[PDB]
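A.B. asks: As they're listed, the protein sequences go chains B and A.
With PDB author numbering applied, the first sequence covers 1 to 208, 215 to 396.
With PDB author numbering applied, the second sequence covers -2 to 191, 201 to 203, 218 to 395.
All C-beta atoms, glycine included, are put in the ideal place defined by N, C-alpha and C.
Dumping the structure here so I can ask a few things about it.
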Amino acid sequence: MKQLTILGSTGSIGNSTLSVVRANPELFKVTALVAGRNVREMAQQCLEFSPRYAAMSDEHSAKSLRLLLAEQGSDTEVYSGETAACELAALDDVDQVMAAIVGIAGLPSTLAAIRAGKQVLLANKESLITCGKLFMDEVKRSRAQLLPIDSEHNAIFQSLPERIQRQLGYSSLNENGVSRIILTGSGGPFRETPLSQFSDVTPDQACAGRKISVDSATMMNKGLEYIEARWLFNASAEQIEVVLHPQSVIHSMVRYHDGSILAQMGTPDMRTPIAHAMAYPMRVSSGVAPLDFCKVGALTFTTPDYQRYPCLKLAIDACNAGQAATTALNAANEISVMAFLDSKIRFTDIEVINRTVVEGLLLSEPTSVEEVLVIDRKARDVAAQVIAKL
Amino acid sequence: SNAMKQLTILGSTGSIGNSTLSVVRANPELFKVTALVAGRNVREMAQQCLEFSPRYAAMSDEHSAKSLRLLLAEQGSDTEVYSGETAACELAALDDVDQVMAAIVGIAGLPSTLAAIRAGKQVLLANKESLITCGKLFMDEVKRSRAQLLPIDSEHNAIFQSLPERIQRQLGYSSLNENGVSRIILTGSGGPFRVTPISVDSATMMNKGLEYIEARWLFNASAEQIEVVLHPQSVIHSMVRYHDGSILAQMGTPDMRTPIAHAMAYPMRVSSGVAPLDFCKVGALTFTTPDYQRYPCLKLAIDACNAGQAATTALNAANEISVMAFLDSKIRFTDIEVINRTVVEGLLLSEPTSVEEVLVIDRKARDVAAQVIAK
Ligand SMILES: NC(=O)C1=CN([C@@H]2O[C@H](COP(=O)(O)OP(=O)(O)OC[C@H]3O[C@@H](n4cnc5c(N)ncnc54)[C@H](OP(=O)(O)O)[C@@H]3O)[C@@H](O)[C@H]2O)C=CC1
Ligand SMILES: NC(=O)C1=CN([C@@H]2O[C@H](COP(=O)(O)OP(=O)(O)OC[C@H]3O[C@@H](n4cnc5c(N)ncnc54)[C@H](OP(=O)(O)O)[C@@H]3O)[C@@H](O)[C@H]2O)C=CC1
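What follows is the structure, given as structure tokens:
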């Protein structure tokens, strides 16, 4: 049966993943567990799932965890640091690796797994927003099998032909029958709000994560998912479109050459795409009532409008210009968001900041993690500046 | 192209037949026409023969096959003409032909369609009666000759596309349940009255029940693994539920060249001039379960399917008579289910075990429904 390393096990995706394991003890076996500094959640996982190894980001968290398990007499071996996380993402006997360590701290361990030809269930985003090129190159080299976990990408993946699914990110969409990918998204809260009221939007009105809420209103969440999808499904600009779909019943679609469209639907539960990806090409259960069609309201769709969602276009143009542009935009969006979250700026200022930073770009494309981290820090700064200067 | 597939097209003068030739027109490097077969439309076949330069061509009788060979000669055609059921079946079984479009209408379509299956071909299945009349035998032949069955009806084509490749490649003799599939969702508009004089069948929703029957056999489904669901707008063409909550659906426009080109290119895809769906032009999309009181026939379709081919074979045949009558201002729209149920439950039957046997039940039930009408 199947052997797992779970990178980022103590957090939200980490735990849904373990839940799929808890409900299919016969199919999935936990070999390695990695997390940051949550000893307590890590110990209780290590006792329940009895891995061979575990790692924490630093030595102090390791020492703690090592003691707690030593009191319970578990055999689990405990390590620390980026190298250990990399070596647990690369063990020869592990079949499947969950890359669910958030943010740019996650990239190293994700890459090791990609490098070891593993089935990698990709939860980390930055990977592709900032250095999709390096990652997808590595994927080709290793014939590593990527499986997206985000519901939208997962939707696409299920909607894609097996042919492409098994060669994810280096199959040629056109040759294999695909005309276009349809990334769907709701519009956020301000979808039928009159543009006059955009300038006056506030944090409480946006958020009632905190930051994901803002992104979904500007549709930065969908711009970034668009970039992710270009690298991920090996898709050019003409091969992917975005449609608005307020009810979010349909998680995404795929257009084929004869006209056929294949879409995935479901409720929005975590486990469902996580287990799709874990069992693939099998399938298992997970609790949640199947969708009911008498319950769901009507479904509607629109093309998004760039006057309402300028950030989207921005994301698209940034992709077309390169990894420097996206890296920059991502980082400057993180600054803009938590600036509007502190009321330093208006909601409509987010585009302007995001745009200025990106149109003052004059760097080379990054060819590693390292060069990314540089661009990420400088864009932050420039953005940081831009906030102040109005 | 060296990847040219060769086609035999049976029913090539009808609407499905013509839709099939359009898809060949758009991709003249990937589909070669080797045999065209039709009924009595001598003119239409002559054009297609001339347009497409087949090797062979057949019609249902020799008078038809005579006139067409004169029209072939005057234009100077190499196309060898035959007639009769035996010619059709041999054309449907040629060695170098890869694909066979089985688009003859009515019970007449069975011999040729069975030939194709028995010859192991990739069979593009239009004919409803095949699966409706003899599900058992046809799937038994599909199993044994390993033909690739490719449903052309939109609903069924929707479902094929929403299923795992593993079921697709083994269509009919594979296990849904072991391939992650929990249920198949047959969708349909539910007709205008969702009555004064294909129109009626979709009204009483027999068209749907019959599609139901077809779908149980096609996909190897128990009644448990199939749910019917109304979807007025007909944008989603049908769906599949997976064990993990996932649902897959196919959508598109009413243009039939979409599923026919899916079928022809399988496992690959081709363009076919179809205007792709536009979500700006689709309004809201709604879903309600069916009302068996509003569609008595649906419930009847189910019961018939659970009883066996004898019963379902009965129903179809009954309905043909029962409908034709309503439209000839002879009985009332509301009667159609009552006639049809009376018939199906009035016969003492044996499960058929050949086309021949099947056909006798078709005549019998027809005669009976006629009598019930007199009353
Ligand atoms: N939440 C969601 O619905 C979705 C999330 N994602 C992505 O999945 C990833 C995980 O998201 P989520 O589960 O919400 O994240 P959480 O913040 O819940 O957890 C992050 C996990 O990563 C661990 N971690 C952080 N830094 C390090 C490090 N240096 N070394 C080892 N472990 C580390 C944290 O450990 P600890 O807490 O023990 O320190 C924690 O276990 C993210 O990249 C996110 O974008 C993608 C799609 C959907
Ligand atoms: N149209 C649709 O939307 C759909 C149709 N189908 C089914 O597919 C089949 C074909 O439909 P469609 O093409 O519209 O039907 P049509 O009524 O247009 O024509 C049927 C074809 O069969 C031919 N034909 C009839 N009897 C014979 C015979 N004894 N030998 C040879 N050819 C014969 C006719 O030839 P000629 O006219 O030259 O005599 C004609 O080309 C039917 O079973 C139909 O129910 C399935 C799904 C959708």
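#1: Which residues, in order along the region 259 to 279 of chain B, keep a beta-carbon less than 9 Å from a beta-carbon of chain A?
#2: Among A:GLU377, A:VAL139, A:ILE101, which one has its Cα closest to the Cα of A:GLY117?
#3: Where does B:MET288 fall in DSSP's three states?
#4: Whose Cβ in chain B lies nearer than 9 Å to the Cβ of A:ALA281?
#5: Under 7 Å Cβ-Cβ, which residues of chain A neighbour B:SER291?
#6: Let me know the secondary structure DSSP gives B:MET98 once reduced to three states.
#7: For B:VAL302 and chain A, any beta-carbon pair shorter than 8 Å?
#8: Does any CB atom of chain B fall closer than 8 Å to the CB of A:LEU297?
#9: Alpha carbon to alpha carbon, how far is B:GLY8 from B:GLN72?
#10: Applying the 10 Å Cβ sphere with the 16-neighbour rule, what's the burial state of B:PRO148?
#11: Strictly under 8 Å for the Cβ-Cβ distance: is A:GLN158 near chain B by that measure?
#12: For the region 302 to 327 of chain A, list every residue whose C-beta sits within 7 Å of some C-beta in chain B, in sequence order.
#13: Once the 5 residues before and after B:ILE256 are set aside, which same chain residues still bring their CB inside 8 Å of it?
#14: What's the gap between the Cα of A:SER142 and the Cα of B:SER172?
#15: Does the beta-carbon of B:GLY265 have 16 or more other beta-carbons within 10 angstroms, so that it is buried, or is it exposed?
#16: Using the beta-carbon count (16 or more within 10 Å), is A:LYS29 buried or exposed?
#17: Using the beta-carbon count (16 or more within 10 Å), is B:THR202 buried or exposed?
#18: Does the CB of A:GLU162 have a neighbour CB from chain B at under 8 Å?
#19: Which of the residues in the region 92 to 112 of chain A, read from start to end, lie with their CB under 7 Å from any CB of chain B?
#20: Can you list, in chain order, the residues of its chain whose CB lies under 7 Å from that of A:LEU27, leaving out five sequence neighbours each side?
#21: List the residues of chain A that B:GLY177 touches, going by C-beta distances under 9 Å, in chain order.
#22: Roughly how many angstroms separate the alpha carbons of A:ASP298 and B:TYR262, rounded to a whole number?
#23: Measure the CB-CB distance between A:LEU335 and A:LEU320 and report whether it falls below 8 Å.
#24: Within the present structure, is the beta-carbon of A:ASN124 separated from the nearest heavy atom of ligand 2 by less than 7 Å?
#25: For the beta strand (DSSP E) containing A:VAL248, name the first residue and the last one.
#26: Considering Cα atoms alone, identify which of B:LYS301, B:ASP323, B:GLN158, B:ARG352 is closest to B:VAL260.
#27: My understanding is that A:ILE359 touches A:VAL392, with C-beta atoms under 8 Å, so please give their C-beta distance in whole angstroms.
#28: In whole angstroms, what is the alpha-carbon distance linking A:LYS301 and B:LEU396?
#29: Consult DSSP for residue 443 of chain A and reduce its assignment to one of helix, strand or coil.
#30: Roughly how many angstroms separate the alpha carbons of A:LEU33 and A:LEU111, rounded to a whole number?
#31: Just curious, the beta strand (DSSP E) that A:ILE256 is in, first and last residue?
#32: According to DSSP, is B:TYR79 part of a helix, a strand, or is it coil?
#33: Inspect the CB distances between the region 9 to 21 of chain B and the region 38 to 50 of chain B and report whether three or more fall short of 8 Å.
#34: Going along the region 238 to 256 of chain B in order, which residues come within less than 7 Å of chain A, judged by CB to CB distance?
#35: Using 8 Å as the threshold, is the region 279 to 289 of chain B in touch with the region 324 to 333 of chain B, meaning 3 or more CB pairs across them?
#36: Does the contact criterion of 3 or more C-beta pairs under 8 Å hold for the region 121 to 128 of chain B versus the region 92 to 112 of chain B?
C.D. replies: With the given structure in hand:
#1: Shown in chain order are the members of the region 259 to 279 of chain B whose Cβ falls below 9 Å from a Cβ of chain A: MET259, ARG261, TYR262, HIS263, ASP264, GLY265, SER266, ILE267, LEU268, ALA269, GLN270, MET271, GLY272, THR273, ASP275, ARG277, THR278, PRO279.
#2: Relative to A:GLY117, the option among A:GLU377, A:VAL139, A:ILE101 whose CA is nearest is A:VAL139.
#3: The three-state secondary structure of B:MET288, taken from DSSP, is coil.
#4: One finds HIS263, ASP264, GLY265, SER266 in chain B with Cβ atoms closer than 9 Å to the Cβ of A:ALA281, taken in chain order.
#5: Against B:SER291, the close residues of chain A are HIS263, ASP264, in the order they occur along the chain (beta-carbon pairs closer than 7 Å).
#6: Correct three-state label for B:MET98: strand.
#7: Closer than 8 Å to some Cβ of chain A, the Cβ of B:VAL302 qualifies, so yes.
#8: Contact with chain B is found for A:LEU297, since one of that chain's Cβ atoms lies less than 8 Å from the residue's Cβ.
#9: Computed Cα separation, rounded: 23 Å.
#10: Within a 10 Å sphere around the beta-carbon of B:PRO148 sit 16 or more other beta-carbons, which makes this residue buried.
#11: Under the Cβ criterion of 8 Å, A:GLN158 is counted among the residues facing chain B.
#12: Against chain B - using a Cβ distance shorter than 7 Å - the residues of the region 302 to 327 of chain A are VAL302, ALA304, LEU305, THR306, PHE307, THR308, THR309.
#13: Within the same chain, and ignoring the five residues on either side of B:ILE256 in sequence, the residues whose Cβ sits closer than 8 Å to its Cβ are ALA155, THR184, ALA269, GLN270, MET271, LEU305.
#14: Spanning the two alpha carbons is a distance of roughly 34 Å.
#15: Flag for B:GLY265 reads buried.
#16: The residue is buried, with at least 16 neighbouring Cβ atoms inside 10 Å.
#17: By the 10 Å Cβ count, B:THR202 comes out exposed.
#18: By this cut-off, A:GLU162 is an interface position.
#19: Of all residues in the region 92 to 112 of chain A, none has a Cβ within less than 7 Å of some Cβ in chain B.
#20: Around A:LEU27: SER(-2), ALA0, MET1, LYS2, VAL290.
#21: The contacting residues are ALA285, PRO287, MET288, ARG289, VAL290.
#22: Just so you know, the alpha carbons of A:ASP298 and B:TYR262 end up roughly 14 Å apart.
#23: Contact: yes.
#24: In this structure, ligand 2 has a non-hydrogen atom nearer than 7 Å to the beta-carbon of A:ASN124.
#25: It spans 246 to 250 - the beta strand (DSSP E) in which A:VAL248 sits, taken as one unbroken run.
#26: It is B:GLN158 whose Cα lies nearest to the Cα of B:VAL260.
#27: A:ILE359 to A:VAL392, Cβ: 5 Å. Contact.
#28: So the two alpha carbons sit approximately 43 Å from each other.
#29: One cannot answer for residue 443 of chain A here, as it falls past the ends of chain A, which runs -2 to 395.
#30: One Cα belongs to A:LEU33, the other to A:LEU111, and the distance between them is close to 17 Å.
#31: Where A:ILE256 is concerned, the enclosing beta strand (DSSP E) stretches over 256 to 262.
#32: Correct three-state label for B:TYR79: strand.
#33: Counting Cβ pairs under 8 Å, three or more are found: they touch.
#34: Under the 7 Å Cβ criterion, the region 238 to 256 of chain B contributes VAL249.
#35: Flag = no, the region 279 to 289 of chain B and the region 324 to 333 of chain B do not touch.
#36: Touching, yes.
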